[PDB]
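J.:
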Amino acid sequence: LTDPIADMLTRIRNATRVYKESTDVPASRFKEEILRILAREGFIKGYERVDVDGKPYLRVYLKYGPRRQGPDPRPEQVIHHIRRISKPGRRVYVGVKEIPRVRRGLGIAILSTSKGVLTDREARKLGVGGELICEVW
Amino acid sequence: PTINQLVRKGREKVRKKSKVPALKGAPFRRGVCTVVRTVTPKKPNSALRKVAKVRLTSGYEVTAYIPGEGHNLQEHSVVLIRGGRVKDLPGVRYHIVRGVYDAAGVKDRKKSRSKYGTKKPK
Amino acid sequence: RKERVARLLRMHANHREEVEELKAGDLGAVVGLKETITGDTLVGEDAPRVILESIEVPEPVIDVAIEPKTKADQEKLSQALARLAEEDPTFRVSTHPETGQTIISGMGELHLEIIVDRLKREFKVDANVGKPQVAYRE
Amino acid sequence: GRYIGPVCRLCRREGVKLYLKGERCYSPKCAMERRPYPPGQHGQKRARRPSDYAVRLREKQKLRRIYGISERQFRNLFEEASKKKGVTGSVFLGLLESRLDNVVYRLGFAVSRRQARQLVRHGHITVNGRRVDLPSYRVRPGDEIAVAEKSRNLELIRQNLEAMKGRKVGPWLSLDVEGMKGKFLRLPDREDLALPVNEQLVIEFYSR
Amino acid sequence: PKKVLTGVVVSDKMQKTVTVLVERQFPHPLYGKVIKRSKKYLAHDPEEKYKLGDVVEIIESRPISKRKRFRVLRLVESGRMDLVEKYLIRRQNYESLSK
Amino acid sequence: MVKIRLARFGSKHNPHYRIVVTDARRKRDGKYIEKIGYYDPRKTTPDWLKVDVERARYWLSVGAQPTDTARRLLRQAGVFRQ
Amino acid sequence: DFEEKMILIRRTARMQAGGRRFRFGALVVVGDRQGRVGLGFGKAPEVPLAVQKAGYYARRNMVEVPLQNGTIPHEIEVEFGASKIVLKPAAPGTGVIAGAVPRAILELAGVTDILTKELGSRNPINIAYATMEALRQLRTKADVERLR
RNA sequence: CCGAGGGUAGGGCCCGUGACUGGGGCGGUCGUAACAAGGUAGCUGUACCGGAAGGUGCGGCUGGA
RNA sequence: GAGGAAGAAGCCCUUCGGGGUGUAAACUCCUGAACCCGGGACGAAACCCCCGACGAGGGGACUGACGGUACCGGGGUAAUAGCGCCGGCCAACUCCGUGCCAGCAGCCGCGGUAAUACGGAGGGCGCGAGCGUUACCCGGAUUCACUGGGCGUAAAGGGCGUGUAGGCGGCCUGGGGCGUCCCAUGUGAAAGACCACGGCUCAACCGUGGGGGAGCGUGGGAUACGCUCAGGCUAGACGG
RNA sequence: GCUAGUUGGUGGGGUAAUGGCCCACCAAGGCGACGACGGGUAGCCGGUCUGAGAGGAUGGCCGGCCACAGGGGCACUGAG
Ligand code: SF4
Ligand SMILES: [Mg+2]
Ligand SMILES: [Mg+2]
Ligand SMILES: [Mg+2]
Ligand SMILES: [Mg+2]
Ligand SMILES: [Mg+2]
Ligand SMILES: [Mg+2]
Ligand SMILES: [Mg+2]
Ligand SMILES: [Mg+2]
Ligand SMILES: [Mg+2]
Ligand SMILES: [Mg+2]
Ligand SMILES: [Mg+2]
Ligand SMILES: [Mg+2]
Ligand SMILES: [Mg+2]
Ligand SMILES: [Mg+2]
Ligand SMILES: [Mg+2]
Ligand SMILES: [Mg+2]
Ligand SMILES: [Mg+2]
Ligand SMILES: [Mg+2]
Ligand SMILES: [Mg+2]
Ligand SMILES: [Mg+2]
Ligand SMILES: [Mg+2]
Ligand SMILES: [Mg+2]
Ligand SMILES: [Mg+2]
Ligand SMILES: [Mg+2]
Ligand SMILES: [Mg+2]
Ligand SMILES: [Mg+2]
Ligand SMILES: [Mg+2]
Ligand SMILES: [Mg+2]
Ligand SMILES: [Mg+2]
Ligand SMILES: [Mg+2]
Ligand SMILES: [Mg+2]
Ligand SMILES: [Mg+2]
Ligand SMILES: [Mg+2]
Ligand SMILES: [Mg+2]
Ligand SMILES: [Mg+2]
Ligand SMILES: [Mg+2]
Ligand SMILES: [Mg+2]
Ligand SMILES: [Mg+2]
Ligand SMILES: [Mg+2]
Ligand SMILES: [Mg+2]
Ligand SMILES: [Mg+2]
Ligand SMILES: [Mg+2]
Ligand SMILES: [Mg+2]
Ligand SMILES: [Mg+2]
Ligand SMILES: [Mg+2]
Ligand SMILES: [Mg+2]
Ligand SMILES: [Mg+2]
Ligand SMILES: [Mg+2]
Ligand SMILES: [Mg+2]
Ligand SMILES: [Mg+2]
Ligand SMILES: [Mg+2]
Ligand SMILES: [Mg+2]
Ligand SMILES: [Mg+2]
Ligand SMILES: [Mg+2]
Ligand SMILES: [Mg+2]
Ligand SMILES: [Mg+2]
Ligand SMILES: [Mg+2]
Ligand SMILES: [Mg+2]
Ligand SMILES: [Mg+2]
Ligand SMILES: [Mg+2]
Ligand SMILES: [Mg+2]
Ligand SMILES: [Mg+2]
Ligand SMILES: [Mg+2]
Ligand SMILES: [Mg+2]
Ligand SMILES: [Mg+2]
Ligand SMILES: [Mg+2]
Ligand SMILES: [Mg+2]
Ligand SMILES: [Mg+2]
Ligand SMILES: [Mg+2]
Ligand SMILES: [Mg+2]
Ligand SMILES: [Mg+2]
Ligand SMILES: [Mg+2]
Ligand SMILES: [Mg+2]
Ligand SMILES: [Mg+2]
Ligand SMILES: [Mg+2]
Ligand SMILES: [Mg+2]
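Protein chains in written order, with the numbering used here: chain A, 51 to 187; chain B, 113 to 234; chain C, 387 to 524; chain D, 3 to 210; chain E, 1044 to 1142; chain F, 80 to 161; chain G, 43 to 190.
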C-alpha cells in the first residue's frame, strides 16, 4: 500500500457503486477523523472499530437514496464522487483565502490543518488552512 | 506521465515554422524580376498562371504569383511582394503587390480595386 | 506625393549661394526633395495639382543586345539599369519576345558605348554584348 | 460620422418600425406601413431560415441603429457595461440612454435623434446653463438640460415644445415646459423602457 | 540578518576550509510537488576543527577568498557519514555517465 | 544636494506639478525620495496646493534646499510661520 | 404548450445494388423556458417526417432542470463518450455562453445565465445527448440534504 | 614586469560553395508484388540472389487458414 | 436636419401584369462645419526693491515662446465619402459575359455553354475618415494537457531481467516544528491596472483619494498531514 | 566531462574597503546529469499584449538598474 487514505475513499467508492451494506477499511486514527466527517456530514450513516483476524478495521456503514421508478431501479448515491486531491506524488496545501469551494456549496472538501481535520466551511470559520485531503459530493 | 516526470523532463513548448522565410520577418519585400513566364497548376486544376521568379533584397530568389488579368511585368521589373502562397502552384509562397513599383494596376477593374492596385474611375 | 523643401541653393562660378526664395520664371537648386525626378511638375501644397507639359520626342536609333554571361548576376544588371533608367530616360531596356535576350537601345553608338562601359566598369557586370539574335521561321 | 443615408430601408430589413423619422413615422405614408419587407430586389422573396448569428447580428443592428451611433462608439459603451457592476444589459441600454442627444429627443425638444443631434451640435441645447455641442455627453443624474436661451427665439424648438404641454416623458425625466428646461433624475430601470430589442441577444453577440 | 544555513561537511581536504552540502526544499512553480536541490558551500574553519560527517550551520560572512563567503557558526550533529556517502555515491556515479 | 522642488506631471498645457524631495542631480520627473504634496498652477479646483507641512519641516531641517518658487508655494502655505 | 428548435438536420446514406439510397435524420430540442426540456432524434425517409418524429420522441423524453434565477445550482461536467460538456453557474448579467447545441438545449430549458464549454468530440448529436444527461444530473440544496 | 595588438605555427567548431554522385518530394515504358485463399496466405528479423516490383532459405507473428 | 409620391427620370430585374433602387432625389422650409468682424487668456508669482531684523509676517514692481492661439461675442454658405464583402464557415442575390480559358483561393473547393464561387452590372450585407491586405504575438489549440490529455487494435509499454542515483512508502506513542497553516510588523518606489470623485464643453488625455495582493525579511503561535529524531507493534517484506 | 591563479592556506602589494583583485611560497585541491564546460540567442525589471484562468508572448514610448560612446588599451585630475 502507498496511499492508505486513497485506498480508503476508494474502498468506499468501489463498494458504493455495487451497494454493499458496509465496507471494512484497515484502521488508523487519521482515517477515523475523516470518517467521523463523512458521517457528520451525511455521507455515511456511520462507522465502528471492529476486527478481522485480530487486525483493527473500521466498518463503514454506507447510505443511499430510495429505489427509483423506471427500467433502472438502482438508487441515486449519497457519496456521488470522492477523489484524492493532495497526494504522495503531489502534495496540495491551500491557504484560507485559497480554500476551494465544492459544487457551489453542496459538497465538501475535508482538509488537514493544525486545528483538526476540518471541512472547508469549518476551516473558513476556524480561519486556517492545510493539506486539501479530498473532496466529496 | 507522472508528476515526477514533469518535474524531471518538463513539457516541450511548441516551435512554429515560418512559411515566408525569404521575407526575413518583413511585412513586404522588393525584388527584380529574373524571369516572367507562365506555369501550369496541379490536379484537378488546369490553367496557365502568371508567375514571376523574383530576386529579393534579402537576397533570396523566390518565385511569385501575379494576380489579376494581364500584367505589364517582365525581366528587370522592380516589384514588391507579400506573403501568400498559391495553392495550386508548387513553390509559390508570395504574390506581387499590384499598383507598386513597376507593377501596374489592372485595366478596367471596378470591384475590389484595392487588392489590384487600381485608382478610382471618374 | 508630398515632399519637404528644406533649403534653396544657387550655383555661381566659384561658390554656392543660399537663398530664401525663387520667384516665378527663374532657375536655381533645391535641397531636401527625395522622390523627385527630371520631367516632373512641382507645386505648393494647396494649389492646382497641375502637371506640366511632359516633353516628348525622339525614339532611340541604335539597338544593342546584352548577355548576362553567368548568370546569378544577370540581376546585378537588373537593379543596375533601373537605377540608370530614372537617371537617363533616353536609353530603353527591353527583353526579346522570342529568343529572350536583353536589348538596351540607344540614341547612338556613343550613347550606348558609355552606358555599356559604365554597366561594367562601375557595376562589375559579368556580361558581354553584340548583334541581337534573329527570330526565324520554318 | 453617423449613418446619414436613406433611412426607411433600415427598418425595412429590420422587420420593425424603428421610429427614426419622427413626424412621418405615425403617418401612413411611412415606408413600413406600405412595404414591410426587406429593401431591394429581393424583399417579397420567401425568407430563408435565419442563422443563430444572423439573429444576433440583425438584433444588435436594430438597437445600434435606433440611437444612430457608430459601431465603434456603440461597442465601447457596451464594453463599459459588462465591467460596470451588475447587469450588463440594463446598464448598457442605461448608459446608451444616458447619452445626451437621446435625452434631448426623449424630452421632445426635437423630432428624431437625427434632428436631436443637430440640435446639440448647433449649440442650441445646454446643460446647467453651459452650452454643450457634444452629441456624446454622458448626462449624469441631476443635470439642467436647458435650451440655449439665445436659441429660444427659434421656430422649431417652439413647434416641438408647444406640442409637449402635457404628454408624459419617462418616469426618469421632468420636462418643465414653457421655460424650455428639463431634468434628468434617474438612469432607467430595465422595465422603465420598451424598444424592439431583446437586451440579451446583444450580450450574446459580443460573446462570440 | 546574516543568513544561516545548515549542512554536512563533504570535504575537509582544504587548508582551514571545509565543503558543506546544503539541501533546501520548496514546491515546483508549476507542479506543486515538493523538490530538493542542494548547494555546496566553502566555509571558513579558522581553527580547523570541523571534520567529515559534521553536520554544521554556517553564517553569512565577510569574504575570506573567492567563493568562501560563509564561516561555520556551530557544530550541530556529528559523524553523519551516511550523508557523506549520499553524495560520494552520486559523485562517483559520474564516472559511468561519460562517453 | 538633497532638494525640494516641483516635479512636473500632467500633460500638454495641463500642468500638474508634484512638489517633491529628491536628489538635485535627478531627472526632473525622476525617481523621487518622497512625495510632499501637489500643486496645480492654473488653479482649476479649490485644491491647487497641499504641502505636507508636518513633513516639509523635517526636510528643511536635515538639509533640503528648495526652489525659489518652491518656497513660494511652501511659504504660501506657510511652513515658515514662527 | 412547448417550443421546438431543430438543432441538426442531416442526410445519411446506405448502399445497395445500382446506387445509394438516403435516409434523413434530425435532432430536435423541445422546451418551455420555464423549466421543462427534451431531446429526440427521429430519422425518416423524408426531411419533415423525421423533423416531426424527432419532436415526438422529443416530448417523449423530458428533463427536470431546476433553475436558480435563470441559472444552474452547481457546476457540472458530464462526459457522454468522447464528447464532454461543461456547465458553470453564472450571474444575472452574463448570458447564455454556449455552442448552438448546448445553446438551444439551454435556452429552452429557460436558462438565461450560464457559462459552458464543449471539450472532447464536439459531435452535435453526442454533445447534445451529453448536455441533456448533465441537466438531468442537476441538484439543489434540498435534495442534497434530503439525501443526508 | 605586465600590456592594445601585430606576427609565426598547429588545432577545433560553424556558414557558403563544388566537377560529379546518392537517394528523396512533386508533376510515359516494363512487369503485377500487395488488397478476396489476390489466384504461391500475408507480414516479419536476417541472409543470398534477381530489370523491377520481388523470390527464395531459417526462424517468428496472425494482423490468415 | 424636418417635410416631401401608392412612388419622376436613368439603370437593374421581369411570367411583360409588375418588382427594385426609393423619401432616396428633385421640391418646401429650419438650423449654420468653414469662413468674415470684434474682443482675447489661464499658464506668473517668486527671484529683486520697500517697512521689518537681509529672519516671521506685510506691501510694491518687472517678465508669456506657444499667441492674437484657445475660448468668448456679433455676422454666416448645405458644406468630402469612401473601402471590404455577398458558394460554406459568414450577414448579403440576380442578370449578362466567359466556357478547365481568363481567372479566384484562408481551408473545403469553384471554372469543361444555363457559374448566387471568375469578370462587369443592379441590388444586398458590414464598417465609416477610414476600409482592406501583408508580417508577427496570444487566442481559438484540453494540439506539451499544473488547472487540463494520452499509449490492446488510432502516434505511444522499454526484447527480458538485476540493480545505482532518485522519487514514493504500514500501525501506535512521544520529542523537535523543516515543510504546511495563522496573526502581527517591515518591504513590495512613482507611473500603470482597478473602484470612487474631479479638471479640459464630452471623451482620449489628465489631476486627487482609496484598496491592496503575491513574494521575501523579522517577531509570535498551532501540530493534523509531510518531514526528522527517539521508542513500540506485526497486517508489508524477508527468514526457519 | 571542466579547471595551474585553477581551489584552499601563510605573507605581502592594492584599494575608500573585503577578496586569487594582483604577487611569492606551500597544500592539492575547486566544479559537474540538481546539467559543469561549450555552443546558440538575449540588456533586465515596473510594465505591456493576450488569456476564463493557470498560462503563453513580449520589453518601443514612460520610470529604475545595467552597459556602451568609430574598434581596442590605458591611466590622469577629482568627493566622485
Ligand atoms: S417612416 Fe419612420 S418608421 Fe416608417 S420606415 Fe421610415 S423611419 Fe421606419
Ligand atoms: Mg482535371
Ligand atoms: Mg478542377
Ligand atoms: Mg521594365
Ligand atoms: Mg524603376
Ligand atoms: Mg444666430
Ligand atoms: Mg470576446
Ligand atoms: Mg546545485
Ligand atoms: Mg584567504
Ligand atoms: Mg591575500
Ligand atoms: Mg435511443
Ligand atoms: Mg473518454
Ligand atoms: Mg469538426
Ligand atoms: Mg431534482
Ligand atoms: Mg600577449
Ligand atoms: Mg594575440
Ligand atoms: Mg602593433
Ligand atoms: Mg564542405
Ligand atoms: Mg506474394
Ligand atoms: Mg497478385
Ligand atoms: Mg500471393
Ligand atoms: Mg492474403
Ligand atoms: Mg524473408
Ligand atoms: Mg535483364
Ligand atoms: Mg530466387
Ligand atoms: Mg517461413
Ligand atoms: Mg485479414
Ligand atoms: Mg405603383
Ligand atoms: Mg424609376
Ligand atoms: Mg417601377
Ligand atoms: Mg432626406
Ligand atoms: Mg439664413
Ligand atoms: Mg498670465
Ligand atoms: Mg532693512
Ligand atoms: Mg481674431
Ligand atoms: Mg495646440
Ligand atoms: Mg458664432
Ligand atoms: Mg442636400
Ligand atoms: Mg469584410
Ligand atoms: Mg464575420
Ligand atoms: Mg448567408
Ligand atoms: Mg432572359
Ligand atoms: Mg478567351
Ligand atoms: Mg473576388
Ligand atoms: Mg452564366
Ligand atoms: Mg456547369
Ligand atoms: Mg459574382
Ligand atoms: Mg466567395
Ligand atoms: Mg475569446
Ligand atoms: Mg496561433
Ligand atoms: Mg500543433
Ligand atoms: Mg496532466
Ligand atoms: Mg489526445
Ligand atoms: Mg499498425
Ligand atoms: Mg513486452
Ligand atoms: Mg535493445
Ligand atoms: Mg533506494
Ligand atoms: Mg522520504
Ligand atoms: Mg508515513
Ligand atoms: Mg515554520
Ligand atoms: Mg504602485
Ligand atoms: Mg468631469
Ligand atoms: Mg494614485
Ligand atoms: Mg522504530
Ligand atoms: Mg591580505
Ligand atoms: Mg583570479
Ligand atoms: Mg603564484
Ligand atoms: Mg604543489
Ligand atoms: Mg553560453
Ligand atoms: Mg554571437
Ligand atoms: Mg544583443
Ligand atoms: Mg484555454
Ligand atoms: Mg495553452
Ligand atoms: Mg525608459
Ligand atoms: Mg568598449
Ligand atoms: Mg557610428
Ligand atoms: Mg572606446
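Quick reminder that beta carbons are idealized off the backbone N, C-alpha and C, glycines included.
1. Start and end of the beta strand (DSSP E) containing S464/C?
2. Residues of chain D with CB closer than 8 Å to the CB of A142/G, please, in chain order.
3. According to DSSP, is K81/A helix, strand or coil?
4. Assess, as a yes-or-no matter, whether the stretch 94-103 of chain D is touched by the stretch 187-201 of chain D under the definition of 3 or more beta carbon pairs within less than 8 Å.
5. In whole angstroms, what is the alpha-carbon distance linking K147/A and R66/D?
6. Determine, using beta carbons only, whether residue 361/C comes closer than 8 Å to chain B.
7. Which bits of chain C does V144/B rub up against, with CB to CB less than 8 Å?
8. Would you call the CB atoms of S170/B and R127/B closer than 8 Å?
9. Quick one: Cα of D131/F to Cα of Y118/F, how far?
10. With DSSP collapsed to three states, give me the class of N514/C.
11. Could you tell me if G67/G is buried or exposed, where buried requires 16 or more neighbouring beta carbons within 10 angstroms of its beta carbon?
12. In chain order, what are the residues with a CB under 7 Å from some non-hydrogen atom of ligand 7?
13. Output needed in chain order: residues of the stretch 171-187 of chain G with a Cβ under 7 Å from some Cβ in chain A.
14. Closer than 9 Å, Cβ to Cβ, to anything on chain G: give me those residues from the stretch 75-102 of chain A, in chain order.
15. Per DSSP, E1066/E is paired with what?
16. Select from the stretch 114-131 of chain B all residues with a C-beta closer than 8 Å to any C-beta belonging to chain E, and list them in chain order.
17. May I ask you to report which of helix, strand or coil DSSP gives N93/F?
18. My guess is that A65/A and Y107/A are in contact by the Cβ rule of under 8 Å, so how many angstroms apart are they, rounded?
19. Could you round the C-beta distance between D1055/E and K1094/E to whole angstroms and report it? I think they count as a contact, below 8 Å.
20. Would the C-beta of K154/B count as close to ligand 2, meaning under 7 Å from any of its heavy atoms?
21. Determine contact between the stretch 145-160 of chain A and the stretch 168-180 of chain A, defined as no fewer than three beta-carbon pairs at a distance below 8 Å.
22. Classify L160/B as helix, strand or coil using the three-state DSSP reduction.
23. CB of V199/D to nearest heavy atom of ligand 1: below 7 Å?
24. Determine whether the Cβ of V1127/E lies closer than 8 Å to any Cβ atom of chain A.
25. Taking 8 Å as the cut-off, does the stretch 191-208 of chain B touch the stretch 161-181 of chain B (at least 3 CB pairs, one atom from each stretch)?
26. Quick check: the Cα distance between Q179/G and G137/B, rounded to an integer number of angstroms?
27. Take every Cβ of the stretch 130-143 of chain G, pair it with every Cβ of the stretch 137-152 of chain F, and state whether three or more of those distances are shorter than 8 Å.
28. Classify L88/A as buried or exposed, calling it buried when 16 or more other Cβ atoms lie within 10 Å of its own Cβ.
29. Is the distance from the Cβ of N162/D to the Cβ of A112/D below 8 Å?
T.: So, from the data block:
1. Note, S464/C: premise wrong, no beta strand (DSSP E); alpha helix (DSSP H) at 461-471.
2. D54
3. helix
4. yes
5. 43 Å
6. Residue 361/C lies beyond the stretch modelled for chain C, which goes from 387 to 524, so this question has no answer here.
7. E461, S464, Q465, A468
8. no
9. 12 Å
10. strand
11. buried
12. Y208/D, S209/D, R210/D
13. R181, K183, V186
14. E91, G92, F93
15. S1081/E
16. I115, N116, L118, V119
17. strand
18. Rounded, the Cβ-Cβ distance is 13 Å, inconsistent with contact.
19. 5 Å
20. no
21. yes
22. coil
23. no
24. no
25. yes
26. 53 Å
27. no
28. buried
29. yes
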